[PDB]
């Protein structure tokens, strides 16, 4: 049946989803997720979008401000809007699945509402493709692939140049923060290949 989604959990509660098309497959995924981790996912949504102060108060305002200053939601929505129907079905189905359970939770809260919601004083709302996308974007991209300390680095080099002079300071910066170290143990052995690009390490952009 094209409309049928089967959910089978093993003896560790791990869900396996069986469905024919994409929207149904990820609808089933979001369903079981909303069953297992609703509160965690709600708080992750708020973390990745900077809406934590809404429910936890003043101490998270700085946090919320920082999250929003670190990305551009319109750009994310634009990428979602460009997705093929097939790729969109992933996010939409996933979002619809959660909502199917969230609706059931908010209809019979006295038995289905995760305790934490009562404790933290609020209830879950529905998700859209954007929310699902931002879970990934805020927890893998904006936090796990968004690293740089260039402003400090320039400050260190500047302090090293003042202390040891221009040439010596540049050379010591190359000693504390080298661009490459050929003795670095590598996942790929040298016999396999090496990296062809060599970058400038004299700060010639000044």
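Numbering follows the first chain given and starts at 1.
The PDB entry records a higher mean C-alpha B factor for 64-72 than for its counterpart among 64-72 and 42-50. For the pair 160-168 and 26-34, the mean Cα B-factor is higher in 160-168. When the modelled residues of the chain are ordered by C-alpha B-factor, residue 83 sits in the middle third. Ranked by Cα temperature factor within the chain, residue 116 sits in the lowest third according to the deposited record.
Residue 18: CA B factor in the middle third of modelled residues in this chain (values from the PDB entry).
In the deposited entry, the Cα temperature factor of residue 137 places it in the lowest third of its chain's modelled residues. Annotation for residue 197: C-alpha temperature factor in the highest third relative to the rest of the modelled chain, per the entry.
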